[PDB]
Structures are given as structure tokens and as C-alpha cells.
Amino acid sequence: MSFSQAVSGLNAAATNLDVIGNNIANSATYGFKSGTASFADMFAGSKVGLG
Amino acid sequence: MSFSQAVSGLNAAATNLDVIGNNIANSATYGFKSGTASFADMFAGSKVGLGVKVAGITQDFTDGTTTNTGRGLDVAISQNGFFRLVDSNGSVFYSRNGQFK
Amino acid sequence: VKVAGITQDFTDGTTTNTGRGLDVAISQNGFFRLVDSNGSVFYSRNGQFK
Amino acid sequence: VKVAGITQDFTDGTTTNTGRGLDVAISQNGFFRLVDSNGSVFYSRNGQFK
Amino acid sequence: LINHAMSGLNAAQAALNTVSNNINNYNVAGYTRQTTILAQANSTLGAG
Amino acid sequence: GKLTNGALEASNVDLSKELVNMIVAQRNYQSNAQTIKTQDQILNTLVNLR
Amino acid sequence: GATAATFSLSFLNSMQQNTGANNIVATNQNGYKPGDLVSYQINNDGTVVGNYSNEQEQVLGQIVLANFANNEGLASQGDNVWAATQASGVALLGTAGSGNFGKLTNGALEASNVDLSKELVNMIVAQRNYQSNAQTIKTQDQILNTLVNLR
Amino acid sequence: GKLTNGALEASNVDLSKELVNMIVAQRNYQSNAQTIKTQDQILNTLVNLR
Amino acid sequence: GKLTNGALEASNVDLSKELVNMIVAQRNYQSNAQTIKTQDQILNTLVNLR
Amino acid sequence: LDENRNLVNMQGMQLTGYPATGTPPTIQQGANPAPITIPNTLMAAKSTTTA
């Protein structure tokens, strides 16, 4: 628990925002494909133990 | 960066708008051919890199409505083919516009 | 920044006809010479004389 | 920080039309030569002249 | 955008004035038809 | 190509396609700018938040 | 300074009907001069073809399509460059229309299959998650500095 | 040049130039306003921090 | 380079460019202010020690 | 098209494909995907042998 949880979740959200922004950036690039990030549970006792 | 992704894209879009504005500005320039620019994705390192990188221009070579004007010095080449021009530098240039004097 | 300048164009008259026997304007460059109550010599292209 | 420098960029702006017979601007590459009030040869990229 | 469109505004003003003189002077004896010419670009004359 | 005389070659620019491209470019720029805005305002929120 | 040819000529399927009809219809001589080129075209199969002044045709080109297993492994390395790797399997090859292979188009282009509005709803969601995590980071900071404050 | 009688000549003030100049220079007005505001934000940040 | 006559060259500036520079400067000064404030509270902790 | 008439993406990346072989050229279906270069040259001088 503690800092790691919130920092990791913060950066997870920001990560998916990264691919969203890159999709926006290449929204005109022909044949370009829409991307998304894969997420997983930081299991440590708690299923959100470190976020 | 997500932010960079957007910024790069915004910047590129500014370039696209510039070329579009020039397209309109030329919308009656005799013999003129229309233009557009080409984008690329600035993936680097991993993930998305930084955004989009942009270096490319597209020009079409279809022949517009070849209009008739009657001057004995008005010429146009249908389909490929171009006129040769020169300046005081001894240069050689090619052009499609064919109004002469 | 600081700003310092006043400069003007001198292309010719947007031309208009009136037929009044005192409207005078100069085609091509050149200006008029006028004198005030004190005789002060001033220059103008306005052609509305009376 | 450790940085100490000036920079001025030679990149071009838009070419604009006025018609003044003393408005002169530089395409691409170059710089203007002038003599100041003292004989020093001074230099500018501005194109407004009288 | 802005510079090119506004330059085109001036160019159109010129062309319209030309045709307006033409239609005006359609009945001036010995008048000769007037026409205007224009020029912009290919691969750009702006060096970046 | 064959030569035509007493004629001239028009602009192959289509005004309609350029108008639609103009508005779509508005949308592209607006998407980029508003993504910038949302990220910037919420980031400044975080940069302030500490 | 050249070389010349020779041919055999025959007239299959001709018929002489005892009543009234008379005409020739068949077109076959296989020779032509080395034609000059004005054309080149690309079709819905990936081929590239050209035709020449001798009103005859020449072809050299086929574009290869490939099937992959873990397609995400074909990651873009910039300039839409797939990095084709084991992490995606391999490129199992076939030309457009090879049964298990789609169709091609030329003089055309495929959209960026993104949509801006969808991306903005997703952005709303993600930025709100980011807000939550930010506030929680500061919450933990506050609690831990409170524990430091007690002393 | 030469003189005309019963005619007048009008100014060079074309609305197309001047209104677009007003538009761009008002863009600059708001640009410097945005700069001013952000400088105020800078000081207000530094003021409130201590 | 070849010269322009009766013409002027704009500055190599863009409003969007300068607003981007403004955003990055906002981030820079906010970063410097936060970097101060943290070590500044640590210093005030030191002032409580010495 | 690149200056040598090779088919390329804008980065100059060379369109790999199967070439035709023989005369009349016929596509090699088992082959190294390689840049197709558009002929700068006239075709075969295939004279007559049958009619």
C-alpha cells in the first residue's frame, strides 16, 4: 500500500492518455490504426496493493 | 509524451492548414496543380515516442478544364509534357503554363 | 519595443467627376501651394476650392 | 543551470507587398549594410528606408 | 492561411477592377480589351 | 502530350474538396488544441497540487 | 545487324457452307516489335502491368500479403514500420484473393481508423482517473507527514 | 503632372486592407494581453508562495 | 539571396509558437517555484534545528 | 517513384514484391519479395512464329 498505489495508477491513466494522444496526432495518417494500452492488477496481498 | 503527441499533431495541422490556404490562393493560377502534405508517427524508443513527424508534400498531375482563349500565343500541353525556361543564372526550369508573348 | 514612424503612400486619385468649375486635382505626382492667415505656406492635393 | 548564449534565427518570414519605392527586403540569405552617425558600418535585416 | 487569402483578396480586387473597366468601356471607340495576369508558386519559394 | 493552341490549362484545384478539407482541418486542429488544453489544465492542477 | 523470324499458318474451324455466306473472322499472328511504353497500372490483386506502342502488354510485379498470429507484436517503430517478429509469429504469405486473403484497392487509401470523439470520451475517463490518483498521492503524503508531525 | 478641372481624387483607404490589419493587430492585442496575464500569474504565484 | 523591391518581409514568428513557448515557460516557472518551496520548507525545518 | 523508378514509400522504403520472369514475363510466385522497378525500356522484340 502507500505511495506506490496512487503513483502507479496516476501513471497508468497517463499511459493510456499517451496512446490516445498519439491516435489524435496520427488521426489523419492514412492506414493508421487506433491503439490502446494494456493494464493489470498490482497484486500484493491486496488486489490493488501497490496500485 | 501524450502532450507531445498532441502538440506535434497540432503543429502538423497548422502546416496542413497553411497548404490548404495556399491551395485556395492558387485556385485560379493558370496551369497550377494542387498540393497537400504528408504526416508520420514519431514513434521512437517504445510506446508512442513523442507524437507525429511530418516531411512530405503531395501534388496531383491531373489536367484541369483546359479552357480556350483564342490568343495566337496561348498554348497548353494536354497530358505530360512541359515547357523549358531559363534565367540570367543560366538555369533550366520546366513549366506547364503556356501563355506567351 | 518602442514605436517611431509616420509614412504614407502616394498612388493616385480614386477619380471622380463633378463638373464644378473649381474642382482641381493633379494627375501624376505634384502638390499644391497654399498660404494661411499668416501666409504660412502649406501643401495639399485636396481640390475643393471655392 | 549551466547555459549562457544568445541566438538570432535567420529563418524567413512571409513576403509582403506594399509598393513603396524604398521598401526593400532580403529573400533567403544576406544582411543589410549601413553607415551610422559616426562611420561605423551598421547592419540590419529591416527593409524600411527613406 | 491569412497572408495567402488576403493577398488573394487584393488579386481579386485587381481582376474585378479590370473586368469592371472592360464592361464600362465596352462602348469607348478604339478601346482595347484589358486583362490581368497572376502568378504564385510550385514547390515553394519559401526556404522553410 | 499533344499541343493545343488558342487555349490554356486551368487550375486542377477543386474548391469544394478544399472547403471540406478546410473544415476537417479545423476539426483536426481543434482536437489537438483541446487535448493540449485538457492535459495542460489538469496537469497544472497536479503541478499545483503538491 | 539484326535477326528475323519465320512462322507457320493454319486455319482451324473454318467451314464452307454450300449456300450463301462468305467472311473471315479470326485474328492470330503472334509477332510484334519491341513496343514503346506509355502506361503502367496497378490492380486489385497486387500486380503491376504496362502497355506499349505495339499495342501489346508487359507485366512485372506482385505485392505480397501475410497473415500473422499475435498481430500486436507487429509493432510500429515509426513511419508505420511494423517490426515483424516472433512475438507475432511470422509472415505467412499470400497474394490478395488467395482464399484466406482479402482484396486490394489502388488509387485509394485507408483511413486512420481512429475517431476523435471516442478518443475524447476516453480522455475524459482517463484524466478523471488521473485526478483521483493525484489526490490520493497527496492524501498519503498528508497522512505520512502527519505521522512525522506527532513526534 | 497635369491638372484636371471639375474632378476630384479620393484616398487610398481600402477597407479590405485596413479591416484585415485591424483583425491581425487585435490578435496581437490579445496576444500581449495573454502575456500580461501570465506575468501577473507568475507574480501572484511568487507572492502567494510566501 | 535575391532582393524584394516595394515589398517587406514579416517576422519569423507565429502566435501558436509563442503560446507554446508560454506554456513551457509556465511549466518552467511553476517547476522552479515548487522546487524552491519544498527545499524551503526543509530549510525552515533546518531553521528549527539551527 | 524514386529517382531510379523503384517503387518506394515516402521514406524511400522499397516496395518488396515478386518480379516477372522470362518472355513474355511471368510472375515468380516463389521468390524473394524485392523492389519492383518500373521499366525504363521498351518491351521484347517478339517476332512472329505462328499464325
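Here is what the cut-offs are and how they apply
- Residues numbered from 1 in each chain as written, not as in the entry; some residues may be left out.
- Chains lettered and ligands numbered in written order.
- Part of a larger assembly, values for the part shown.
- Heavy atoms only, no water.
- Helix = DSSP H or I, 4+ residues; strand = E, 2+ residues; numbered from the N terminus.
- Buried < 20%, exposed > 50% of the residue type's maximum accessible area, 1.4 Å probe, protein only.
- Expected span 1.5 Å × (residues − 1).
- Polar contact = N/O pair within 3.5 Å; in protein donor to acceptor, adjacent residues only side chain to side chain.
- Salt bridge = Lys/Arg side-chain N within 4 Å of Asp/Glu carboxyl O.
- Pairing = 2+ DSSP bridges.
- Core = buried A, V, L, I, M, F, W, Y, C linked by side-chain atoms within 4.5 Å.
- Contact = heavy atoms within 4.5 Å.

- As recorded in the PDB header, cryo-EM is the method behind this entry, and the stated resolution is 2.9 Å.

**Observations regarding the environment of H:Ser16**
Logical step 1: When you line up the elements, H:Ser16 lands in helix 1 (residues 15–49).
Logical step 2: Note on H:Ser16: relative accessible area 34%, which makes it partly exposed.

**Observations concerning helix 1 (residues 15–49) of chain F**
Logical step 1: If you check helix 1 of chain F, its first and last C-alpha atoms are 50 Å apart, about what 35 residues at 1.5 Å a residue would give, namely 51 Å.
Logical step 2: Between the side-chain oxygen at the start of helix 1 of chain F and the backbone nitrogen of F:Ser16 there is a gap of 3.3 Å, and the oxygen is on F:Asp14.

**Focus: the pattern of salt bridges**
Logical step 1: Throughout the structure, instances matching the rule amount to 10 salt bridges over all chains.
Logical step 2: Across the pair B:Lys33 and F:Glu9 runs a salt bridge, and its minimum N-O distance is 2.8 Å. Of this pair, B:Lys33 sits in the loop between helix 1 (2–25) and strand 1 (35–44) while F:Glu9 sits in the loop between strand 2 (7–8) and helix 1, on two different chains.
Logical step 3: A relative accessible area of 10% means that B:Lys33 is categorised as buried.
Logical step 4: Close ionic contact of C:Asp12 with C:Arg45 constitutes a salt bridge, the shortest N to O distance being 3.0 Å. With C:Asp12 in the segment before strand 1 (14–17) and C:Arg45 in the segment after strand 4 (41–44), this pair connects stretches of sequence that are 33 residues apart.
Logical step 5: Residues joined by salt bridges that share partners form a network here, namely B:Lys33, B:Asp63, B:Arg96 and F:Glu9.

**A few points about the sheet that holds strand 3 (residues 57–59) of chain G**
Residues and elements named next belong to chain G.
Logical step 1: If you walk across this open sheet you meet the three strands as 1-2-3, and the pairing is antiparallel. Whereas interior strands pair on both sides, the edge strands pair on one side only; in this sheet they are strand 1 (41–42) and strand 3.
Logical step 2: The sheet contact formed by strand 2 (residues 48–51) and strand 3 spans three bridges and is antiparallel. By the bridge assignment, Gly50 is partnered in strand 3 with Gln58.

**Focus on the nonpolar core**
The tendency in soluble globular proteins is for nonpolar side chains to be buried as a group.
Logical step 1: By size, the foremost hydrophobic cluster in this structure holds 11 residues: B:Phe3, B:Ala6, B:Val7, B:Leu10, B:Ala13, B:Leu17, B:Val19, B:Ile20, F:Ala25, F:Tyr29 and F:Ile36.
Logical step 2: Of all the secondary structure elements, the ones that give two or more residues to this core are helix 1 of chain B together with helix 1 of chain F.
Logical step 3: For this core, the element with the most residues is helix 1 of chain B, which contributes eight residues.
Logical step 4: If we skip the residues at most four places from it in the chain, B:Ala6 touches A:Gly21, F:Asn32, F:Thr35 and F:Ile36.
Logical step 5: Core analysis: the next-biggest nonpolar cluster, separate from the first, contains six residues, A:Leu17, A:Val19, A:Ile20 and A:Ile24 among them.

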